[PDB]
>>> print(open('target-v5.tsv').read())   # TSV, N, CA and C atoms
chain	number	residue	atom	x	y	z
A	152	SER	N	-35.53	44.88	44.08
A	152	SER	CA	-34.59	45.95	43.80
A	152	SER	C	-35.26	46.96	42.95
A	153	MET	N	-34.80	48.19	43.00
A	153	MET	CA	-35.38	49.20	42.15
A	153	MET	C	-34.39	50.32	41.91
A	154	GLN	N	-33.72	50.26	40.77
A	154	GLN	CA	-32.75	51.28	40.39
A	154	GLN	C	-33.43	52.50	39.82
A	155	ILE	N	-33.37	53.59	40.56
A	155	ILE	CA	-34.04	54.80	40.16
A	155	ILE	C	-33.12	55.91	39.78
A	156	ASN	N	-33.46	56.59	38.70
A	156	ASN	CA	-32.68	57.71	38.26
A	156	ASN	C	-33.59	58.91	38.20
A	157	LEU	N	-33.31	59.90	39.02
A	157	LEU	CA	-34.17	61.05	39.14
A	157	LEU	C	-33.53	62.30	38.63
A	158	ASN	N	-34.35	63.18	38.08
A	158	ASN	CA	-33.81	64.42	37.61
A	158	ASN	C	-33.62	65.35	38.77
A	159	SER	N	-32.39	65.81	38.94
A	159	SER	CA	-32.00	66.69	40.03
A	159	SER	C	-32.85	67.92	40.19
A	160	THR	N	-33.46	68.38	39.10
A	160	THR	CA	-34.21	69.61	39.11
A	160	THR	C	-35.71	69.42	38.97
A	161	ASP	N	-36.24	68.32	39.47
A	161	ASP	CA	-37.69	68.11	39.38
A	161	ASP	C	-38.42	68.10	40.75
A	162	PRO	N	-38.88	69.27	41.25
A	162	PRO	CA	-39.58	69.54	42.52
A	162	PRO	C	-41.10	69.23	42.46
A	163	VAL	N	-41.77	69.12	43.63
A	163	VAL	CA	-43.25	68.88	43.65
A	163	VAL	C	-44.19	69.95	44.25
A	164	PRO	N	-43.84	71.24	44.35
A	164	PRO	CA	-44.55	72.29	45.08
A	164	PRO	C	-45.99	72.52	44.64
A	165	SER	N	-46.35	72.02	43.47
A	165	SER	CA	-47.69	72.18	42.96
A	165	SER	C	-48.77	71.66	43.90
A	166	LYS	N	-48.55	70.50	44.53
A	166	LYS	CA	-49.55	69.94	45.46
A	166	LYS	C	-48.95	69.13	46.59
A	167	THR	N	-49.74	68.94	47.64
A	167	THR	CA	-49.31	68.09	48.76
A	167	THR	C	-50.11	66.76	49.00
A	168	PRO	N	-51.41	66.63	48.65
A	168	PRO	CA	-52.23	65.41	48.72
A	168	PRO	C	-51.67	64.28	47.88
A	169	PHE	N	-51.99	63.05	48.26
A	169	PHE	CA	-51.56	61.87	47.52
A	169	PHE	C	-52.74	61.11	46.93
A	170	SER	N	-53.08	59.99	47.58
A	170	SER	CA	-54.19	59.16	47.16
A	170	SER	C	-53.96	58.65	45.76
A	171	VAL	N	-52.71	58.27	45.49
A	171	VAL	CA	-52.18	57.70	44.24
A	171	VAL	C	-52.68	58.39	42.97
A	172	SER	N	-53.07	59.65	43.08
A	172	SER	CA	-53.71	60.32	41.97
A	172	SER	C	-53.31	61.76	41.82
A	173	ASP	N	-52.97	62.42	42.92
A	173	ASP	CA	-52.52	63.80	42.84
A	173	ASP	C	-51.17	63.92	42.19
A	174	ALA	N	-51.16	63.88	40.86
A	174	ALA	CA	-49.97	63.94	40.02
A	174	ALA	C	-49.02	65.02	40.44
A	175	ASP	N	-49.56	66.18	40.74
A	175	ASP	CA	-48.76	67.32	41.13
A	175	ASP	C	-47.96	67.14	42.41
A	176	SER	N	-48.37	66.21	43.26
A	176	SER	CA	-47.68	65.99	44.52
A	176	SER	C	-46.51	65.04	44.39
A	177	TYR	N	-46.24	64.56	43.19
A	177	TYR	CA	-45.12	63.67	43.02
A	177	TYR	C	-44.47	63.82	41.67
A	178	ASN	N	-43.30	63.24	41.56
A	178	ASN	CA	-42.51	63.34	40.36
A	178	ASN	C	-42.48	62.03	39.62
A	179	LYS	N	-42.53	60.92	40.34
A	179	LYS	CA	-42.51	59.63	39.67
A	179	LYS	C	-43.42	58.60	40.29
A	180	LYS	N	-44.20	57.94	39.44
A	180	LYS	CA	-45.10	56.87	39.85
A	180	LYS	C	-44.64	55.57	39.23
A	181	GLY	N	-44.02	54.72	40.03
A	181	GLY	CA	-43.53	53.45	39.52
A	181	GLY	C	-44.27	52.30	40.15
A	182	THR	N	-44.40	51.19	39.45
A	182	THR	CA	-45.08	50.06	40.07
A	182	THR	C	-44.27	48.79	39.94
A	183	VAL	N	-44.03	48.14	41.08
A	183	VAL	CA	-43.30	46.89	41.11
A	183	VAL	C	-44.23	45.74	41.44
A	184	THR	N	-44.27	44.74	40.59
A	184	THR	CA	-45.15	43.63	40.87
A	184	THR	C	-44.48	42.65	41.80
A	185	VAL	N	-45.19	42.28	42.85
A	185	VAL	CA	-44.65	41.34	43.82
A	185	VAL	C	-45.63	40.22	44.09
A	186	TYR	N	-45.14	39.14	44.68
A	186	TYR	CA	-45.98	37.99	44.95
A	186	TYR	C	-46.17	37.69	46.42
A	187	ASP	N	-47.40	37.38	46.80
A	187	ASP	CA	-47.68	37.00	48.18
A	187	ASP	C	-47.49	35.50	48.36
A	188	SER	N	-47.90	34.95	49.50
A	188	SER	CA	-47.68	33.52	49.76
A	188	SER	C	-48.36	32.52	48.78
A	189	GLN	N	-49.36	32.95	48.01
A	189	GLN	CA	-49.95	32.07	47.00
A	189	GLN	C	-49.53	32.50	45.61
A	190	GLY	N	-48.63	33.47	45.56
A	190	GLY	CA	-48.19	34.00	44.30
A	190	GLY	C	-49.13	35.07	43.77
A	191	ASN	N	-50.08	35.53	44.57
A	191	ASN	CA	-51.02	36.48	44.01
A	191	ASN	C	-50.25	37.77	43.79
A	192	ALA	N	-50.46	38.37	42.63
A	192	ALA	CA	-49.74	39.58	42.27
A	192	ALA	C	-50.19	40.78	43.07
A	193	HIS	N	-49.23	41.65	43.39
A	193	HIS	CA	-49.53	42.87	44.09
A	193	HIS	C	-48.86	44.06	43.44
A	194	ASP	N	-49.50	45.21	43.57
A	194	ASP	CA	-49.11	46.42	42.87
A	194	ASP	C	-48.32	47.39	43.70
A	195	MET	N	-47.03	47.18	43.86
A	195	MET	CA	-46.27	48.09	44.69
A	195	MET	C	-46.09	49.43	44.04
A	196	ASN	N	-47.03	50.31	44.24
A	196	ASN	CA	-46.92	51.62	43.68
A	196	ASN	C	-45.95	52.40	44.52
A	197	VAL	N	-45.01	53.07	43.88
A	197	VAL	CA	-44.00	53.82	44.59
A	197	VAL	C	-43.98	55.24	44.08
A	198	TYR	N	-44.04	56.19	45.00
A	198	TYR	CA	-44.06	57.57	44.59
A	198	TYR	C	-42.84	58.28	45.04
A	199	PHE	N	-42.23	59.00	44.11
A	199	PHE	CA	-41.07	59.78	44.44
A	199	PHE	C	-41.45	61.22	44.45
A	200	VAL	N	-41.21	61.85	45.58
A	200	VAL	CA	-41.56	63.23	45.81
A	200	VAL	C	-40.36	64.10	46.14
A	201	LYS	N	-39.92	64.95	45.22
A	201	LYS	CA	-38.78	65.77	45.57
A	201	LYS	C	-39.16	66.81	46.58
B	102	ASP	N	-59.18	44.69	16.40
B	102	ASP	CA	-60.10	43.58	16.22
B	102	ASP	C	-61.49	43.96	16.72
B	103	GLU	N	-62.41	43.00	16.66
B	103	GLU	CA	-63.80	43.19	17.09
B	103	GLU	C	-64.00	43.40	18.59
B	104	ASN	N	-62.94	43.25	19.36
B	104	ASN	CA	-63.00	43.37	20.80
B	104	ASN	C	-62.44	44.70	21.21
B	105	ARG	N	-62.05	45.50	20.21
B	105	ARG	CA	-61.43	46.78	20.42
B	105	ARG	C	-60.02	46.59	20.96
B	106	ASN	N	-59.31	45.60	20.43
B	106	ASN	CA	-57.95	45.32	20.84
B	106	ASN	C	-56.98	45.41	19.69
B	107	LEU	N	-55.79	45.94	19.94
B	107	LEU	CA	-54.83	45.99	18.84
B	107	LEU	C	-54.07	44.69	18.76
B	108	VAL	N	-54.08	44.10	17.57
B	108	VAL	CA	-53.42	42.83	17.37
B	108	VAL	C	-52.64	42.77	16.08
B	109	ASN	N	-51.79	41.76	15.94
B	109	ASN	CA	-51.12	41.58	14.66
B	109	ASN	C	-51.94	40.59	13.83
B	110	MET	N	-51.31	39.54	13.31
B	110	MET	CA	-51.98	38.54	12.50
B	110	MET	C	-51.01	37.45	11.95
B	111	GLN	N	-50.39	36.57	12.77
B	111	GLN	CA	-50.41	36.39	14.23
B	111	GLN	C	-51.81	36.45	14.83
B	112	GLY	N	-52.04	37.43	15.69
B	112	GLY	CA	-53.30	37.55	16.41
B	112	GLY	C	-53.00	37.99	17.84
B	113	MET	N	-51.71	38.06	18.17
B	113	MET	CA	-51.27	38.43	19.49
B	113	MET	C	-51.56	39.89	19.80
B	114	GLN	N	-51.78	40.14	21.09
B	114	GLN	CA	-52.14	41.44	21.63
B	114	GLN	C	-50.99	42.41	21.77
B	115	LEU	N	-51.13	43.59	21.20
B	115	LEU	CA	-50.12	44.61	21.39
B	115	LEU	C	-50.27	45.27	22.74
B	116	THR	N	-49.19	45.32	23.50
B	116	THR	CA	-49.23	45.94	24.82
B	116	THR	C	-48.54	47.28	24.88
B	117	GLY	N	-48.76	47.96	26.00
B	117	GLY	CA	-48.23	49.28	26.21
B	117	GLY	C	-48.58	49.80	27.59
B	118	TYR	N	-48.35	51.08	27.82
B	118	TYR	CA	-48.64	51.60	29.13
B	118	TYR	C	-50.07	52.08	29.13
B	119	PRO	N	-50.79	51.86	30.22
B	119	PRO	CA	-52.17	52.21	30.46
B	119	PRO	C	-52.30	53.70	30.66
B	120	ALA	N	-53.47	54.21	30.32
B	120	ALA	CA	-53.73	55.62	30.50
B	120	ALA	C	-54.79	55.83	31.57
B	121	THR	N	-54.64	56.89	32.36
B	121	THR	CA	-55.59	57.16	33.44
B	121	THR	C	-55.78	58.64	33.75
B	122	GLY	N	-56.95	58.98	34.26
B	122	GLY	CA	-57.28	60.37	34.55
B	122	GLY	C	-58.17	60.96	33.46
B	123	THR	N	-58.58	62.21	33.64
B	123	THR	CA	-59.45	62.88	32.67
B	123	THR	C	-59.07	64.33	32.42
B	124	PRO	N	-58.35	64.60	31.32
B	124	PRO	CA	-57.82	63.73	30.28
B	124	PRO	C	-56.85	62.68	30.83
B	125	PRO	N	-56.79	61.50	30.22
B	125	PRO	CA	-55.92	60.38	30.51
B	125	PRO	C	-54.45	60.77	30.44
B	126	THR	N	-53.67	60.14	31.30
B	126	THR	CA	-52.25	60.34	31.41
B	126	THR	C	-51.57	59.00	31.32
B	127	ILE	N	-50.32	58.97	30.91
B	127	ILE	CA	-49.65	57.69	30.72
B	127	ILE	C	-48.87	57.22	31.92
B	128	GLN	N	-49.28	56.10	32.50
B	128	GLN	CA	-48.53	55.60	33.64
B	128	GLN	C	-47.32	54.81	33.17
B	129	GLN	N	-46.24	55.53	32.91
B	129	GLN	CA	-45.00	54.91	32.47
B	129	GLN	C	-44.42	53.92	33.46
B	130	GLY	N	-44.68	54.12	34.73
B	130	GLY	CA	-44.18	53.20	35.73
B	130	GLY	C	-45.06	51.96	35.90
B	131	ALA	N	-46.20	51.92	35.20
B	131	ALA	CA	-47.12	50.80	35.32
B	131	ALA	C	-46.73	49.66	34.41
B	132	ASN	N	-47.33	48.51	34.66
B	132	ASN	CA	-47.09	47.33	33.86
B	132	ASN	C	-47.70	47.48	32.46
B	133	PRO	N	-47.07	46.89	31.45
B	133	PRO	CA	-47.41	46.91	30.04
B	133	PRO	C	-48.74	46.20	29.74
B	134	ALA	N	-49.82	46.91	30.05
B	134	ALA	CA	-51.20	46.50	29.83
B	134	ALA	C	-51.52	46.38	28.33
B	135	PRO	N	-52.51	45.57	27.95
B	135	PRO	CA	-52.96	45.38	26.59
B	135	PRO	C	-53.62	46.65	26.11
B	136	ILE	N	-53.26	47.09	24.91
B	136	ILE	CA	-53.84	48.31	24.39
B	136	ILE	C	-55.17	48.06	23.74
B	137	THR	N	-56.18	48.77	24.23
B	137	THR	CA	-57.52	48.66	23.70
B	137	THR	C	-58.02	50.03	23.33
B	138	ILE	N	-58.98	50.08	22.43
B	138	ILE	CA	-59.55	51.35	22.03
B	138	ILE	C	-61.05	51.35	22.01
B	139	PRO	N	-61.70	51.70	23.11
B	139	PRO	CA	-63.12	51.81	23.30
B	139	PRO	C	-63.73	52.77	22.32
B	140	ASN	N	-64.95	52.47	21.90
B	140	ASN	CA	-65.72	53.32	21.01
B	140	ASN	C	-66.85	53.98	21.77
B	141	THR	N	-66.59	54.33	23.02
B	141	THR	CA	-67.61	54.90	23.87
B	141	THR	C	-67.22	56.28	24.37
B	142	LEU	N	-68.27	56.91	24.88
B	142	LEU	CA	-68.35	58.35	24.71
B	142	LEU	C	-67.57	59.12	25.73
B	143	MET	N	-67.05	60.25	25.30
B	143	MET	CA	-66.36	61.13	26.21
B	143	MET	C	-67.41	61.83	27.01
B	144	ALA	N	-67.34	61.70	28.32
B	144	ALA	CA	-68.32	62.36	29.16
B	144	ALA	C	-68.05	63.84	29.19
B	145	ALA	N	-69.11	64.63	29.30
B	145	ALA	CA	-68.94	66.06	29.41
B	145	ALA	C	-68.16	66.38	30.68
B	146	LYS	N	-67.40	67.45	30.64
B	146	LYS	CA	-66.60	67.85	31.77
B	146	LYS	C	-66.84	69.30	32.06
B	147	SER	N	-67.35	69.59	33.23
B	147	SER	CA	-67.63	70.95	33.61
B	147	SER	C	-66.44	71.84	33.55
B	148	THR	N	-66.70	73.10	33.25
B	148	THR	CA	-65.67	74.09	33.34
B	148	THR	C	-65.19	74.09	34.77
B	149	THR	N	-63.88	74.14	34.96
B	149	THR	CA	-63.33	74.19	36.30
B	149	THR	C	-62.68	75.54	36.52
B	150	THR	N	-61.97	75.96	35.50
B	150	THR	CA	-61.33	77.26	35.46
B	150	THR	C	-61.54	77.87	34.10
B	151	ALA	N	-61.24	79.13	33.98
B	151	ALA	CA	-61.33	79.77	32.70
B	151	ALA	C	-60.36	80.92	32.64
>>> encode(input="target-v5.tsv", output="structure tokens")
Amino acid sequence: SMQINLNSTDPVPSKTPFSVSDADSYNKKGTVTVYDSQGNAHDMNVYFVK
Amino acid sequence: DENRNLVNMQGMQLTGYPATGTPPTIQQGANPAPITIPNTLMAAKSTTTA
């Protein structure tokens, strides 16, 4: 689950590229840790782009 | 401490959000990584704009 609260007035026009680094292309970078079949941790990076 | 880690005494590691990029930025959506403070050098950064 992931309860997200976003600011209604936060746009991303500064950039369009991603590659988990182009800060300007997104508004929020969240990471959810999840487990695979051996429990190995994984980094669910989630990007919110208005 | 001698490992460049913030601790109490106790001795436990103080955690926080990791920094990334140049200049570093705070990944608030990232997991609460151990805070460390390297004593190594800031690399020169070419002028990009002026």
>>> residues_around(input="target-v5.tsv", residues="residue 116 of chain B", least_positions_apart="4", cutoff="6.5 Å", atoms="only N, CA and C atoms", output="list in words")
residues 133, 134, 135 and 136 of chain B
>>> select_by_dssp(input="target-v5.tsv", residues="segment 152-197 of chain A", states="strand (DSSP E or B)", output="MDAnalysis selection string")
chainID A and resid 179:186 192:197
>>> write_last_selection(input="target-v5.tsv", atoms="N, CA and C atoms", output="short mmCIF file (atom, residue, chain, number, x, y, z; two decimals), keeping the file's coordinate frame")
data_model
loop_
_atom_site.label_atom_id
_atom_site.label_comp_id
_atom_site.auth_asym_id
_atom_site.auth_seq_id
_atom_site.Cartn_x
_atom_site.Cartn_y
_atom_site.Cartn_z
N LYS A 179 -42.53 60.92 40.34
CA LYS A 179 -42.51 59.63 39.67
C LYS A 179 -43.42 58.60 40.29
N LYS A 180 -44.20 57.94 39.44
CA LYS A 180 -45.10 56.87 39.85
C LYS A 180 -44.64 55.57 39.23
N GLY A 181 -44.02 54.72 40.03
CA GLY A 181 -43.53 53.45 39.52
C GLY A 181 -44.27 52.30 40.15
N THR A 182 -44.40 51.19 39.45
CA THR A 182 -45.08 50.06 40.07
C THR A 182 -44.27 48.79 39.94
N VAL A 183 -44.03 48.14 41.08
CA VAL A 183 -43.30 46.89 41.11
C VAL A 183 -44.23 45.74 41.44
N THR A 184 -44.27 44.74 40.59
CA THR A 184 -45.15 43.63 40.87
C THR A 184 -44.48 42.65 41.80
N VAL A 185 -45.19 42.28 42.85
CA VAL A 185 -44.65 41.34 43.82
C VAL A 185 -45.63 40.22 44.09
N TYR A 186 -45.14 39.14 44.68
CA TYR A 186 -45.98 37.99 44.95
C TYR A 186 -46.17 37.69 46.42
N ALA A 192 -50.46 38.37 42.63
CA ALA A 192 -49.74 39.58 42.27
C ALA A 192 -50.19 40.78 43.07
N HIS A 193 -49.23 41.65 43.39
CA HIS A 193 -49.53 42.87 44.09
C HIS A 193 -48.86 44.06 43.44
N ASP A 194 -49.50 45.21 43.57
CA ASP A 194 -49.11 46.42 42.87
C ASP A 194 -48.32 47.39 43.70
N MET A 195 -47.03 47.18 43.86
CA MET A 195 -46.27 48.09 44.69
C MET A 195 -46.09 49.43 44.04
N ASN A 196 -47.03 50.31 44.24
CA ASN A 196 -46.92 51.62 43.68
C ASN A 196 -45.95 52.40 44.52
N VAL A 197 -45.01 53.07 43.88
CA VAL A 197 -44.00 53.82 44.59
C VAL A 197 -43.98 55.24 44.08
#
>>> atom_distance(input="target-v5.tsv", atom1="atom CA of residue 105 of chain B", atom2="atom CA of residue 140 of chain B")
7.8 Å
>>> interface_residues(input="target-v5.tsv", of="chain A", to="chain B", cutoff="7 Å", atoms="only N, CA and C atoms", output="PDB file with N, CA and C atoms, in the frame of the given file")
ATOM      1  N   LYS A 180     -44.200  57.940  39.440  1.00  0.00           N
ATOM      2  CA  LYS A 180     -45.100  56.870  39.850  1.00  0.00           C
ATOM      3  C   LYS A 180     -44.640  55.570  39.230  1.00  0.00           C
ATOM      4  N   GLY A 181     -44.020  54.720  40.030  1.00  0.00           N
ATOM      5  CA  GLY A 181     -43.530  53.450  39.520  1.00  0.00           C
ATOM      6  C   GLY A 181     -44.270  52.300  40.150  1.00  0.00           C
ATOM      7  N   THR A 182     -44.400  51.190  39.450  1.00  0.00           N
ATOM      8  CA  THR A 182     -45.080  50.060  40.070  1.00  0.00           C
ATOM      9  C   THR A 182     -44.270  48.790  39.940  1.00  0.00           C
ATOM     10  N   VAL A 183     -44.030  48.140  41.080  1.00  0.00           N
ATOM     11  CA  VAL A 183     -43.300  46.890  41.110  1.00  0.00           C
ATOM     12  C   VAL A 183     -44.230  45.740  41.440  1.00  0.00           C
TER      13      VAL A 183
END
>>> atom_distance(input="target-v5.tsv", atom1="atom CA of residue 142 of chain B", atom2="atom N of residue 123 of chain B")
13.8 Å
>>> residues_around(input="target-v5.tsv", residues="residue 184 of chain A", least_positions_apart="3", cutoff="8 Å", atoms="only C-alpha atoms", output="number ranges by chain")
A: 192-195
>>> write_last_selection(input="target-v5.tsv", atoms="N, CA and C atoms", output="mmCIF file, in the coordinates of the input")
data_model
loop_
_atom_site.group_PDB
_atom_site.id
_atom_site.type_symbol
_atom_site.label_atom_id
_atom_site.label_comp_id
_atom_site.auth_asym_id
_atom_site.auth_seq_id
_atom_site.Cartn_x
_atom_site.Cartn_y
_atom_site.Cartn_z
ATOM 1 N N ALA A 192 -50.460 38.370 42.630
ATOM 2 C CA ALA A 192 -49.740 39.580 42.270
ATOM 3 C C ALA A 192 -50.190 40.780 43.070
ATOM 4 N N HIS A 193 -49.230 41.650 43.390
ATOM 5 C CA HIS A 193 -49.530 42.870 44.090
ATOM 6 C C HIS A 193 -48.860 44.060 43.440
ATOM 7 N N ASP A 194 -49.500 45.210 43.570
ATOM 8 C CA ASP A 194 -49.110 46.420 42.870
ATOM 9 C C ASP A 194 -48.320 47.390 43.700
ATOM 10 N N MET A 195 -47.030 47.180 43.860
ATOM 11 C CA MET A 195 -46.270 48.090 44.690
ATOM 12 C C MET A 195 -46.090 49.430 44.040
#
>>> atom_distance(input="target-v5.tsv", atom1="atom CA of residue 141 of chain B", atom2="atom C of residue 108 of chain B")
20.8 Å
>>> residues_around(input="target-v5.tsv", residues="segment 152-169 of chain A", least_positions_apart="2", cutoff="8 Å", atoms="all atoms listed in the file", output="PDB file with N, CA and C atoms, keeping the file's coordinate frame")
ATOM      1  N   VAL A 171     -52.710  58.270  45.490  1.00  0.00           N
ATOM      2  CA  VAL A 171     -52.180  57.700  44.240  1.00  0.00           C
ATOM      3  C   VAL A 171     -52.680  58.390  42.970  1.00  0.00           C
ATOM      4  N   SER A 172     -53.070  59.650  43.080  1.00  0.00           N
ATOM      5  CA  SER A 172     -53.710  60.320  41.970  1.00  0.00           C
ATOM      6  C   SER A 172     -53.310  61.760  41.820  1.00  0.00           C
ATOM      7  N   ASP A 173     -52.970  62.420  42.920  1.00  0.00           N
ATOM      8  CA  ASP A 173     -52.520  63.800  42.840  1.00  0.00           C
ATOM      9  C   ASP A 173     -51.170  63.920  42.190  1.00  0.00           C
ATOM     10  N   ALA A 174     -51.160  63.880  40.860  1.00  0.00           N
ATOM     11  CA  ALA A 174     -49.970  63.940  40.020  1.00  0.00           C
ATOM     12  C   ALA A 174     -49.020  65.020  40.440  1.00  0.00           C
ATOM     13  N   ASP A 175     -49.560  66.180  40.740  1.00  0.00           N
ATOM     14  CA  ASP A 175     -48.760  67.320  41.130  1.00  0.00           C
ATOM     15  C   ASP A 175     -47.960  67.140  42.410  1.00  0.00           C
ATOM     16  N   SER A 176     -48.370  66.210  43.260  1.00  0.00           N
ATOM     17  CA  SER A 176     -47.680  65.990  44.520  1.00  0.00           C
ATOM     18  C   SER A 176     -46.510  65.040  44.390  1.00  0.00           C
ATOM     19  N   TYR A 177     -46.240  64.560  43.190  1.00  0.00           N
ATOM     20  CA  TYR A 177     -45.120  63.670  43.020  1.00  0.00           C
ATOM     21  C   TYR A 177     -44.470  63.820  41.670  1.00  0.00           C
ATOM     22  N   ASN A 178     -43.300  63.240  41.560  1.00  0.00           N
ATOM     23  CA  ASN A 178     -42.510  63.340  40.360  1.00  0.00           C
ATOM     24  C   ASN A 178     -42.480  62.030  39.620  1.00  0.00           C
ATOM     25  N   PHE A 199     -42.230  59.000  44.110  1.00  0.00           N
ATOM     26  CA  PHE A 199     -41.070  59.780  44.440  1.00  0.00           C
ATOM     27  C   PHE A 199     -41.450  61.220  44.450  1.00  0.00           C
ATOM     28  N   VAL A 200     -41.210  61.850  45.580  1.00  0.00           N
ATOM     29  CA  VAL A 200     -41.560  63.230  45.810  1.00  0.00           C
ATOM     30  C   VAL A 200     -40.360  64.100  46.140  1.00  0.00           C
ATOM     31  N   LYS A 201     -39.920  64.950  45.220  1.00  0.00           N
ATOM     32  CA  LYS A 201     -38.780  65.770  45.570  1.00  0.00           C
ATOM     33  C   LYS A 201     -39.160  66.810  46.580  1.00  0.00           C
TER      34      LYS A 201
END
>>> decode(input="target-v5.tsv", residues="segment 127-149 of chain B", atoms="N, CA and C atoms", output="CSV table (one decimal), in the first residue's frame")
chain,number,residue,atom,x,y,z
B,127,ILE,N,18.5,15.5,-0.7
B,127,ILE,CA,18.0,14.6,0.3
B,127,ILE,C,16.8,13.7,-0.2
B,128,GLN,N,17.1,12.4,-0.2
B,128,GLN,CA,16.0,11.5,-0.7
B,128,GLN,C,15.1,11.2,0.4
B,129,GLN,N,14.1,12.1,0.6
B,129,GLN,CA,13.1,11.9,1.7
B,129,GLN,C,12.3,10.7,1.5
B,130,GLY,N,12.1,10.2,0.3
B,130,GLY,CA,11.4,9.0,0.1
B,130,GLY,C,12.2,7.7,0.3
B,131,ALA,N,13.5,7.9,0.5
B,131,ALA,CA,14.4,6.7,0.7
B,131,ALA,C,14.4,6.2,2.1
B,132,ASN,N,14.9,5.0,2.3
B,132,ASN,CA,15.0,4.4,3.6
B,132,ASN,C,16.0,5.1,4.5
B,133,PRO,N,15.8,5.1,5.8
B,133,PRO,CA,16.6,5.8,6.8
B,133,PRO,C,18.0,5.1,7.0
B,134,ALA,N,18.8,5.5,6.1
B,134,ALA,CA,20.2,5.1,6.0
B,134,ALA,C,21.0,5.6,7.2
B,135,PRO,N,22.1,5.0,7.6
B,135,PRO,CA,23.0,5.4,8.7
B,135,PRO,C,23.7,6.7,8.2
B,136,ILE,N,23.8,7.7,9.1
B,136,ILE,CA,24.4,8.9,8.8
B,136,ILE,C,25.9,8.8,9.0
B,137,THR,N,26.7,9.1,7.9
B,137,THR,CA,28.1,9.1,8.0
B,137,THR,C,28.6,10.4,7.5
B,138,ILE,N,29.8,10.7,7.9
B,138,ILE,CA,30.5,12.0,7.4
B,138,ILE,C,31.9,11.8,7.0
B,139,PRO,N,32.1,11.5,5.7
B,139,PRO,CA,33.4,11.3,5.1
B,139,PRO,C,34.2,12.6,5.2
B,140,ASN,N,35.5,12.4,5.3
B,140,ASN,CA,36.5,13.4,5.4
B,140,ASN,C,37.3,13.5,4.1
B,141,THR,N,36.6,13.3,3.0
B,141,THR,CA,37.3,13.2,1.7
B,141,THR,C,36.7,14.2,0.8
B,142,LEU,N,37.5,14.4,-0.3
B,142,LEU,CA,37.5,15.7,-0.9
B,142,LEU,C,36.4,16.0,-1.8
B,143,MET,N,36.0,17.3,-1.9
B,143,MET,CA,35.0,17.7,-2.8
B,143,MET,C,35.7,17.8,-4.2
B,144,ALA,N,35.2,17.1,-5.1
B,144,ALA,CA,35.9,17.2,-6.4
B,144,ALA,C,35.5,18.5,-7.1
B,145,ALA,N,36.4,19.0,-7.9
B,145,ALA,CA,36.2,20.2,-8.6
B,145,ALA,C,35.0,20.0,-9.6
B,146,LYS,N,34.3,21.0,-9.8
B,146,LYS,CA,33.1,20.9,-10.7
B,146,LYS,C,33.2,22.0,-11.7
B,147,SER,N,33.3,21.7,-13.0
B,147,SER,CA,33.3,22.6,-14.0
B,147,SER,C,32.2,23.6,-14.1
B,148,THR,N,32.5,24.8,-14.5
B,148,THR,CA,31.4,25.7,-14.7
B,148,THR,C,30.5,25.1,-15.8
B,149,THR,N,29.2,25.2,-15.5
B,149,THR,CA,28.2,24.7,-16.5
B,149,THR,C,27.5,25.9,-17.1
